[PDB]
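Working through the structure, step by step
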Amino acid sequence: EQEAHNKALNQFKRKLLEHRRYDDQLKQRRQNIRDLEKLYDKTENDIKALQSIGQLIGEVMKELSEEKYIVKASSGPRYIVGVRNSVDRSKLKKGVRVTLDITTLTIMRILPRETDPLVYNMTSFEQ
Amino acid sequence: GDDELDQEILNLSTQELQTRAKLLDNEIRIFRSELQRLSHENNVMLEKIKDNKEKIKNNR
Amino acid sequence: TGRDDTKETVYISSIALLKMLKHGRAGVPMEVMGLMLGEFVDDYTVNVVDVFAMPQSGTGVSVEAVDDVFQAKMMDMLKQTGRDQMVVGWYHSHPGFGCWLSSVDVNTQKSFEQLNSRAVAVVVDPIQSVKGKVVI
Amino acid sequence: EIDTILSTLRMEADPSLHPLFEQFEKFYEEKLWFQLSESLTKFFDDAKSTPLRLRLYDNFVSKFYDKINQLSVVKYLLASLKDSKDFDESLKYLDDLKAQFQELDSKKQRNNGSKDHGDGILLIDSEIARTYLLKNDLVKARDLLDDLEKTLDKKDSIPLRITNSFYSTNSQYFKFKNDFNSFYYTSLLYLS
Amino acid sequence: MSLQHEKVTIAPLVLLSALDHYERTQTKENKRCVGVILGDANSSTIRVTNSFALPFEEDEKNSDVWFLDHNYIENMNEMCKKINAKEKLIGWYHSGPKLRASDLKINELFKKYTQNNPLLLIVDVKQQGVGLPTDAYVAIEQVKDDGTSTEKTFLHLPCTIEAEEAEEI
Amino acid sequence: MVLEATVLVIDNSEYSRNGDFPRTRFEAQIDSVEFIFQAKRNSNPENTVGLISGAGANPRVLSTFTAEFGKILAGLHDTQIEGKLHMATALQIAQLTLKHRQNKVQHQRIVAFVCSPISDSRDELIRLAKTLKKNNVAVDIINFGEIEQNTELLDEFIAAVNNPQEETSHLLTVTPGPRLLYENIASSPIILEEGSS
């Protein structure tokens, strides 16, 4: 050694490694809570999904009055159903796939038209 | 180490290096508070994962 | 013998009925569950004050779908505000069937009856309350 | 130290304004930095038309940026550059401090747990636009004001100082163009 | 944040609930009750689905002094999240006869949990008037032409009642 | 002692961003909070301590009583350091905080830091101090902000509370110069605090 008080700097060299390894641990855990976050988001979107119920499709077969509509459900038997204020009369028209509820049986919203599962194979084989 | 060694016996005086070490005591005390806070927060977090995923497991 | 030994006439409060229906209606078609909270006076008068629902399952109503965690913890919430009483029974929903206990729920009622022998089961039809009459 | 720079200001000023500077120093030695914010405000009310105001502030940015309050510094910066007849200089100062927060809040927000530096950022942006309006580059000033307005409304709750400075640049712009109508409504917000 | 509170539809369930909690804490003689409001937001109509009581002791020396449990709030919310996951903090109900200016400071506290602008729903437990026992208000910031700076103040919201199909029957 | 519930009032001011103690004063108060907590827990685990702040301009509860120091510590992270503690409102809320617990087997103890020059009217705080003594509440006033530049009004209140009691108020005077606030309070009685019966 140069000095016999470098025996005391061996002790401070030791603390120096500690303080730079606690700086490296604070940004490690902030990277591990960011991992725990995505996995917490990944399962929290599933909670929102599981508590949602399904809807049953029909189409506007015929206007009945103003608020009453004949739909032909994709279950097959026709029903009479209601409207929310979400739809309008002029957004409904015949041959439009509309959703229904399965316990209220009201049109909530307009849907684009159905399309067979078969015919997507045909649009994706040209090879 | 790039501070407080035989490199710094040349560069700086050793009684500055005696006061340097008691300042590294100060800042590792501030960093020690911050580490335990982030452990505690990951302990709350892991159980909020288990909460959500168990529900999924019944439907699975 | 020595008592009236008859099943309570269940007086469901103004709050409760609506709460069970809102709870059940959202879950249609899947079966719903929950507890009735109430108080027991006369040998046949149980007034049901409030309700809380026990979370959903992927196998619907089971004895298994009871979770002591949810039940006790939610109870401890009410405890701090002093609106908890005691569990007088439980409700669950058969919207695919009429009012009567399915094969499973009888064994569930057995366990509940062990704990408290005034335990009732109330079957709610949220799907036949689209009438002017509530089926309960 | 700072005494030697401060002494030059002490000489030029009135003998009745000399004791004020001594008090600034007295607080700095004690390391009471709230007391120092109070003492600095005094000089600026009755002398911001002096160039001694500018000099005083320059030194204090250097030796106080986490010691006296963050707000006080930026508010002083707005005042400082109305007293500067230089506009190139104005741009330099504004950008130094805006850059300085950017790196600084990465360390500062976690270690204390709270102090927001985006409050200063807005006060700074308002001063940039103000400079372009004094330079009379009216196309550049205006398009910076559109961007700033969108940003102000995003922040939920607006300190009155920030929105007071925004309404000043709008007042200046409209009375250069001599739109009497646009001036009138903005100025009711400025007086309120 | 925003104003989207143009309509407030209130489930009848919540009104009945409010009176029940008020009595089961037995807050009388100018004591108050505060509970959370759970429901939807980001819609021009604000839907009041549910409420739950929070423990809240309100002083009698002053109106500026109160106890409110912040830790309690999250626990109530995560449980109810399990029931239905469309419920978030949308405000808090005050059950006083009428409006106070010490509710403004409480409003600010609930602004932390919300991602909307807190609804103060003064649920009257005195059933005064032949019309609604609800007035609604939201705390909003304004300046005004008097010379008044940065006011926080409550703007009345027209009150309406909607109910679900199961609820109504 | 032990079997003691303690409410921490943390002062939030701009006298606590001032150099009085290595770094800022606000950084020292964090270590102090943890030190208090660990002492009371280590002696007996049926000790719980919570934290209220003067942040905002009307004190808010951060954490109720808990055996988890990570809870007290996470809530100190959430702060406003421009807020202002008012003493008269903090004593009243703390009294109500003490009335909100899970079991009433614990003594009533408040430890309030004071970091700002007190500017609340004396006359009112005579009355508050005399309310504590009929609730069997003690209050431990740590002065290192009032010494610095202000008349000593908190001293007279401590004498007012003193009666034969299970827990009785104390005055601890902590030096405002740099001697490590956390070392100083640790050496002052915080677990060997007596009654006066």
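Residues numbered from 1 in each chain as written, not as in the entry; some residues may be left out. Chains lettered and ligands numbered in written order. Part of a larger assembly, values for the part shown. Heavy atoms only, no water.

As recorded in the PDB header, cryo-EM is the method behind this entry, and the stated resolution is 6.3 Å.

**Quick look at the arrangement of the chains**
Keep this limit in mind: For this analysis, residues touch if any pair of their heavy atoms sits within 4.5 Å.
When the 13 pairs of chains in contact are ranked by number of contacts, first place goes to chains A and B. Here chain C and chain D are not in contact; the least distance found between their C-alpha atoms is 31 Å. You won't find any contact between chain A and chain F; their C-alpha atoms come no closer than 15 Å.

**Some thoughts on the pairing of strand β3 (residues 78-83) of chain A**
All names here are of chain A. The test is simple: At least two bridges found by DSSP between two strands are what make those strands a pair. A run of H or I in DSSP becomes a helix once it reaches four residues, and a run of E becomes a strand once it reaches two; helices and strands are each numbered from the N terminus.
With 4 bridges joining them, strand β2 (residues 69-72) and β3 adopt antiparallel strand pairing. The residue of β3 that forms the bridge with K72 is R78. Between β2 and the antiparallel strand that follows it, β3, lie 5 residues; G76 among them carries a positive phi value of about 130 degrees. Alignment of β3 against strand β5 (residues 106-107), held across 2 bridges, turns out to be parallel. Its bridge partner lying in β5, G82 is registered against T106.

**Some remarks on the interface of chain B and chain A**
In plain terms, the rule: Here the buried area means the combined drop in accessible surface, using a 1.4 Å probe, for two parts upon being joined, counting both sides. When a carboxyl oxygen of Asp or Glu lies within 4 Å of a side-chain nitrogen of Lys or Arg, that pair is called a salt bridge. Residues adjacent in sequence count toward polar contacts only when both atoms are side-chain atoms; beyond that, a polar contact is any pair of N or O atoms within 3.5 Å, and within protein one must be able to donate a hydrogen and the other to accept it. When residues are grouped by polarity, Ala, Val, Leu, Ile, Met, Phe, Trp, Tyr, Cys and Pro land in nonpolar, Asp, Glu, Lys and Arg in charged, and all others, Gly among them, in polar.
In this complex, chain B contributes 32 residues to the contact, which on the side of chain A involves 24 residues. Buried area between chain B and chain A, both sides added, is near 2900 Å², and the carbon and sulfur share of it is 72%. Put simply, chain B and chain A have 1 salt bridge between them. The closest approach of N and O atoms between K15 of chain A and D25 of chain B, which form a salt bridge, is 3.3 Å. Our enumeration of links across chain B and chain A arrives at 1 residue pair in polar contact. Contributions of two or more residues to the side of chain B that touches chain A are made by α1 (6-11) and α2 (14-59) of chain B. By residue class, the composition of the side of chain B that touches chain A is 13 nonpolar, 7 polar and 12 charged.

**What to know about helix α3 (residues 87-98) of chain F**
Residue and element names in this part refer to chain F. Quick reminder of the rule: Each helix should span, by expectation, one fewer than its residue count multiplied by 1.5 Å. Type-normalised accessible area, obtained with a 1.4 Å probe on protein chains alone, sets the label of each residue: buried when under 20%, exposed when over 50%, and partly exposed for intermediate values.
Given a rise of 1.5 Å per residue, 12 residues ought to cover 16 Å, and the 16 Å separating the end C-alpha atoms of α3 matches this to within 8%. The element α3 is extensively covered by neighbouring structure, given that 12 of its 12 residues are classed as buried. Those residues of α3 that sit buried are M87, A88, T89, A90, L91, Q92, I93, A94, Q95, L96, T97 and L98.

**Details of a negative patch on the surface**
Residue and element names in this part refer to chain D. As a reminder, the rule being used: Patches draw on residues past 30% relative accessible area with no salt bridge. Two like charges within 9 Å are joined, as are two nonpolar side chains (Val, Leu, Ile, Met, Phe, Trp, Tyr) within 5 Å. Residue-level accessible areas treat just the shown protein chains as cover; the underlying method is Shrake-Rupley with a 1.4 Å probe. We count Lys and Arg on the positive side and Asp and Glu on the negative side, and we leave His and both chain ends out. Every charge is mapped onto a representative atom, which is NZ of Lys, CZ of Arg, CG of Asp or CD of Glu.
A surface patch of negative charge is lined by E1, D3, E29 and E30. Summarising the element assignment, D3 is placed in helix α1 (residues 3-12). Overall, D3 belongs to the partly exposed group, its relative accessible area being 33%.

**Digging into the sheet that holds strand β1 (residues 9-12) of chain C**
Residues and elements named next belong to chain C. Test applied: Lines are fitted to the C-alpha atoms to define the axes, a helix being fitted only along its stretch in contact, and any angle between axes, read from their N-to-C directions, falls within 0 to 180 degrees.
The strand order across the open sheet formed by 5 strands is β1-β3-β2-β4-β5, and the pairing between neighbours is mixed. In this open sheet, the two edge strands, each paired with only one partner strand, are β1 and β5 (120-124). On average, adjacent strands in this sheet sit at an angle of 35 degrees to one another, irrespective of strand direction. When strand β2 (residues 33-40) meets strand β4 (residues 87-93), the two strands line up antiparallel, connected through 5 bridges. Residue pairing for β4: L37 is matched across the bridge by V87. Running over the sheet, helix α2 (residues 68-81) touches β2, β3 (45-52) and β4 and is turned about 45 degrees from β2.

**Notes on the pairing of strand β4 (residues 107-114) of chain F**
Residue and element names in this part refer to chain F. Among the 8 residues of β4, 8 are classified as buried, and the element is accordingly described as predominantly covered. Covered by surrounding structure in β4 are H107, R109, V111 and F113 together with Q108, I110, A112 and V114, the residues of both alternating faces. Sheet analysis places β4 next to strand β5 (residues 137-143), joined by 7 bridges and oriented parallel. Residue pairing across strands places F113 opposite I142, the latter belonging to β5.

**Details of the sheet that holds β5 of chain A**
Residue and element names in this part refer to chain A. On the basis of which strands lie adjacent, the open sheet formed by 5 strands has the order β4-β1-β2-β3-β5 and mixed pairing. Because the sheet does not close on itself, it has two edges, and the strands there are β4 (97-100) and β5. With 3 bridges joining them, strand β1 (residues 56-63) and β2 adopt antiparallel strand pairing. Bridge pairing links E63 to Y69 in β2.

**Points about the pattern of salt bridges**
Within the structure shown, the criterion is met by 43 salt bridges over all chains. In this structure, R24 of chain E engages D20 of chain E in a salt bridge whose closest nitrogen and oxygen atoms are separated by 2.8 Å. Of this pair, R24 of chain E and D20 of chain E are both found in helix α1 (residues 12-24), 4 residues apart, which corresponds to roughly one turn of the helix. The same class applies to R24 of chain E and to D20 of chain E, which are both buried. Across the pair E124 of chain F and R127 of chain F runs a salt bridge whose closest N-O atoms are separated by 2.8 Å. Of this pair, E124 of chain F and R127 of chain F both sit in helix α4 (residues 122-132), 3 residues apart, roughly one helical turn.

**Let's talk about the nonpolar core**
For clarity, the cut-off: Working definition of a nonpolar core: buried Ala, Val, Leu, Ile, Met, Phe, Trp, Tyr and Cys residues. They are joined through side-chain atoms within 4.5 Å.
Counting 56 residues, the largest nonpolar core has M20, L35, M36 and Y91 of chain C together with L54, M76 and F110 of chain E as the members making the most contacts within it. Ranked by the residues each element gives to this core, the list is headed by helix α2 (residues 70-83) of chain E, at 6 residues. The residues touching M36 of chain C, leaving out its near neighbours within four places in the chain, are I12, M20, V48, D50, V51, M86, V87, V88, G89, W90, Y91 and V122 of chain C. Within the second largest apolar cluster, 49 residues are counted, among which are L40, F101, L152 and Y173 of chain D.

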